[PDB]
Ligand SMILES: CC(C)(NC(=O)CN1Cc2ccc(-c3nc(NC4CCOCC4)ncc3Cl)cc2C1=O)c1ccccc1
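Given next, in structure tokens, is a single chain: the form solved without the ligand.
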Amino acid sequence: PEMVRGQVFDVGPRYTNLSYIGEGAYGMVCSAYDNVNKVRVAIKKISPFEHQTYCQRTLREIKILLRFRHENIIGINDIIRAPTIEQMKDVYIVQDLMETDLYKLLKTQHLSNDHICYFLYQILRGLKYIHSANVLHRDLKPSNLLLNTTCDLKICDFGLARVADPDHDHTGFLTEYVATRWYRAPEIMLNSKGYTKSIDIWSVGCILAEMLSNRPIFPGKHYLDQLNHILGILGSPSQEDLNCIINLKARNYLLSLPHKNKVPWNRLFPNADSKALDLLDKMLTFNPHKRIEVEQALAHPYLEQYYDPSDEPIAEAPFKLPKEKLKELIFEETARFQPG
């Protein structure tokens, strides 16, 4: 069993010449040479079995990524694990090696309009598919958008994904939330569990704004600063938009804030294409009912040179408990990769 940083990275036989990458959120990641197909791959070691919560995210993500086949969503190439539940302590997930990610790209590289347009197109194409499978990603952000040397973009990290549930979207004011703060839609801070498709489009909007300036658009430092960042650009919500917030704690919170006027997009981004800013406006709408849909964002004039609905596939097979049982589901879920 080859070691990496003194941790067992047991992926040999097929996967040789290891090189360390990171410790991620949880679990270790390395590159390696695949000896069947003749390219280098990425491998992530996961050890979720002692915690119910880490099992559910490992299972969600395996089940989703094995169901999904789409050019703009990362595929699982291989899953390495023990032949028996009893010997299974780790799972190794093999994926195509991606040069970089959009977080890394943005901190060092200026994006031309042609790159922003192409990346936004691919984000939206992958998201069309996810949404068509009745799945919500719920943690879209530049680090979950992998790019290779030819700038093919793939959405990754479905650890916080859910099956969509709009009828049960409502919750109280200040409902704690796991997904990354800067890409959270305003409604999460007010009255939403993040169980509707409009929550991903918000994050896409944030990513677009980020691509236009190499800086996060809404870099909130805490739960409710995130909303004051939003409303400093968008301006105070309209009365009609407040009337959609039934929750009185949430409504009275917004009513307590000083009036802010909308900051025009072309002052924040005087270099941006005007069609880009018009699409950005439709994605970063306060009211999630009025927020543009994935398929409408694809049909926007900004993306006109790529838009082709016959080449923007939808999912054939949309979706609709102790630690011990999830380990057994993980075992069953990964069985197809075993010799046999």
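If you superpose the two forms and keep the largest set of C-alpha atoms that fall within 1.5 Å, you have the rigid core. One-based numbering along the sequence shown. Only residues modelled in both forms are compared.
The form deposited with the ligand bound exists for this protein as well; it is not shown, and the discussion that follows is about that form.
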item	value
Partner contact for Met28 in the deposited complex: the ligand, 4.5 angstroms, heavy atom	yes
Non-hydrogen atom contact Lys104 with the ligand in the deposited complex at 4.5 angstroms	yes
4.5 angstroms heavy atom contact with the ligand in the deposited complex for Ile21	yes
Non-hydrogen atom contact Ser192 with the ligand in the deposited complex at 4.5 angstroms	no
Interface residue in the deposited complex among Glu71, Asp225, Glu99, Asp165, criterion: non-hydrogen atom within 4.5 angstroms of the ligand	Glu99
One residue of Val204, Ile230, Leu146, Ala133 in contact with the ligand, assessed in the deposited complex (non-hydrogen atom, 4.5 angstroms)	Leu146
Site check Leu124, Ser198 and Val294: each within 4.5 Å of the ligand in the deposited complex by heavy atom	no
Partner-facing stretch of 125-133, 252-260, 166-174, 150-158, counted where any non-hydrogen atom is within 4.5 angstroms of the ligand in the deposited complex	150-158
Interface residues of 176-204 toward the ligand, as seen in the deposited complex [heavy atoms, 4.5 Å]	none
Large Cα move at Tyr26 between the shown form and the other one, threshold 2 Å, rigid core	yes
Regions of at least 3 residues displaced between the shown form and the other one by 2 angstroms or more (CA, core superposed)	24-26
